[PDB]
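Enquirer: here is the input, now give the coordinates:
(one chain, ligands or ions: 4)
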Amino acid sequence: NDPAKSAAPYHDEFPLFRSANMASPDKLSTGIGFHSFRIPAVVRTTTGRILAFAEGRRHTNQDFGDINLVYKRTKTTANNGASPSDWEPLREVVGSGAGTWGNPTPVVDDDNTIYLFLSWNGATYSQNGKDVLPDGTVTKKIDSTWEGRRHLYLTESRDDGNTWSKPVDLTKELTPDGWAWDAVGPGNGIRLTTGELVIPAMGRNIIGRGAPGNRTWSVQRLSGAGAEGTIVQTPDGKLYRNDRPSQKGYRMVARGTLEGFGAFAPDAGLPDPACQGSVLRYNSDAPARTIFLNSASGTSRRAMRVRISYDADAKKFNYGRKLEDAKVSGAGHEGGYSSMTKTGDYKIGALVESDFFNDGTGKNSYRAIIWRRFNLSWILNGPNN
Ligand SMILES: O=C(O)[C@@]1(O)C[C@H](O)[C@@H](O)[C@H]([C@H](O)[C@H](O)CO)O1
Ligand SMILES: O=C(O)[C@@]1(O)C[C@H](O)[C@@H](O)[C@H]([C@H](O)[C@H](O)CO)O1
Ligand SMILES: O=N[O-]
Ligand code: NA
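Expert: Residues are numbered from 1 along each chain as shown. Ligands and ions are numbered 1, 2, ... in the order given. The protein structure is shown below:
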């Protein structure tokens, strides 16, 4: 039995990061605009304010080149981001240089310090190499040199997201030596019942211990982990990694504690097309719930489905509800990376990528990000479960 099913279903949805092709495209106050927005992350702070982050991809939808880390906040701590007018204009966390600032992975600490882990690479490097930049420059492949590797940066805010520190490079401390490619998140980290922070990253968790907003960091290496991971604390208090697979098929799941994890294995209940997903601890009292969101397809990113598990170890999720049951118009084809938070008014708030697909899979396809709010009742009253 879930009493939430008896509440009135609630949903609303609208574009929050508007690509350059849309009416009223999102630009910074400096006039700097963006072809595409990708790679969402969202958190609710301890005040109730919502912070939404994304990669502002300047010139194309590509993963490399000039990409800035951008964000929006709710105007007040109490408005819950319910309508477009509730959100501030686009701001920038970091945009220095013509390199890539991305993979936003925020976590809100107990003191309300908001930590934001990020990945960086140089202006003339790309994951595969030999990619053509807008000016015709051909990229070098990301490699293990200081200049050519993926870095891990940390910034934080002490004023509810209003301002951000200059990002500090933590690569030598928190990325293993000899690495070339790297990734943190993207999506979110968590705070455990026992007080530690856990931030998911490629092949590892980053663990924060000690005083809120003055944490010491260490690395928990994980055998079999993916590049793009998610982390949740399940109702049993254990840790749960749910990672993007290297090949299309299913989410890769492992369970553990701060002392170690077991093996990663595909979750046959969670089809995935090799794309990022998101996971969220909703509540701990009966009935305890974990929420999961991804594209529920072995092939397509356009099958977004939000689900609930009542299991103490999140063994099984229900069918849930397709996001297309509450479709957004005028913002392209919804589907891709996502991020979820709980809102101050007992809703789930989700950011979800969308793709106009005007250039197909090509670099000129405009990408936007949708903001959704829905309650548990909305999920539970879905026509397929
Ligand atoms: O939309 C994707 O699939 C994407 O390209 C977007 C990300 O910007 C990129 O960092 C990531 C990466 O390429 C894979 O995780 C393989 O390492 O995937
Ligand atoms: O379901 C997919 O994957 C799709 O076919 C349709 C999506 O709307 C689009 O975002 C995506 C993307 O172009 C590729 O994943 C490579 O970037 O292509
Ligand atoms: O610091 N490894 O739990
Ligand atoms: Na930049």
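Enquirer: using CSV, write out every CA atom in stretch 205-222.
Expert: Taking Å, rounded to 0.1, in the frame of the first residue of the first chain, the C-alpha atoms of stretch 205-222 are listed here in CSV:
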residue,chain,number,x,y,z
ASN,A,205,33.5,7.2,-5.5
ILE,A,206,34.8,10.4,-4.0
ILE,A,207,34.2,10.4,-0.2
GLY,A,208,33.9,13.5,1.9
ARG,A,209,34.4,13.3,5.6
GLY,A,210,34.5,15.7,8.6
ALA,A,211,33.0,19.1,9.1
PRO,A,212,30.2,20.1,6.7
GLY,A,213,31.5,22.5,4.0
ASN,A,214,35.0,21.8,5.2
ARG,A,215,35.4,18.2,4.1
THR,A,216,38.4,16.1,3.6
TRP,A,217,38.2,14.1,0.4
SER,A,218,39.4,10.6,-0.4
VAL,A,219,39.0,8.0,-3.2
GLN,A,220,37.1,4.7,-3.0
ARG,A,221,38.2,2.7,-6.0
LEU,A,222,35.6,0.5,-7.6
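Enquirer: what's the spacing between the closest residue to ligand 1 within the stretch 101-250 of the chain and residue 301?
Expert: Per C-beta to the nearest ligand atom, the residue of the stretch 101-250 of the chain with the smallest distance to ligand 1 is residue 227, at 4.3 Å. Placement of C-beta: from N, CA and C, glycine included. To residue 301, residue 227 is 17 Å away according to C-beta to C-beta, to the nearest Å.
Enquirer: who has more neighbours, these two?
Expert: Neighbour tally, residue 227 and residue 301, criterion other C-beta atoms under 10 Å: the higher count belongs to residue 301, 20 against 15.
Enquirer: residue 332 is in contact with that one, correct?
Expert: No. Distance between residue 301 and residue 332: 11.8 Å, which falls outside the contact criterion (C-beta atoms under 8 Å).
Enquirer: identify the contacts common to these two.
Expert: Overlap between the contact sets of residue 301 and residue 332, as judged by C-beta atoms under 8 Å, 6 or more residues apart in numbering, is given by residue 355.
Enquirer: name the element residue 106 belongs to?
Expert: Using DSSP states H and E, residue 106 falls within strand 100-108.
Enquirer: packing partners for that strand?
Expert: Judged by 3 or more C-beta pairs under 8 Å, 6 or more residues apart in numbering; DSSP states H and E, the packing partners of strand 100-108 are strand 36-44, strand 50-57, strand 67-73, strand 91-94, strand 114-121, strand 190-191, strand 197-201.
Enquirer: now those in a markdown table, with distance to ligand 3 and mean neighbour count?
Expert: As requested, the helices and strands packed on strand 100-108 are exported to a markdown table (distance: least, C-beta to the nearest ligand atom, whole Å; neighbours: other C-beta atoms under 10 Å):
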| stretch | distance to ligand 3 | mean neighbour count |
| --- | --- | --- |
| strand 36-44 | 23 | 27 |
| strand 50-57 | 26 | 28 |
| strand 67-73 | 27 | 24 |
| strand 91-94 | 27 | 18 |
| strand 114-121 | 16 | 26 |
| strand 190-191 | 14 | 18 |
| strand 197-201 | 9 | 25 |
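Enquirer: which among those strands is found nearest to residue 340?
Expert: Nearest of the helices and strands packed on strand 100-108 to residue 340, taken as C-beta to C-beta: strand 36-44 at 6.9 Å.
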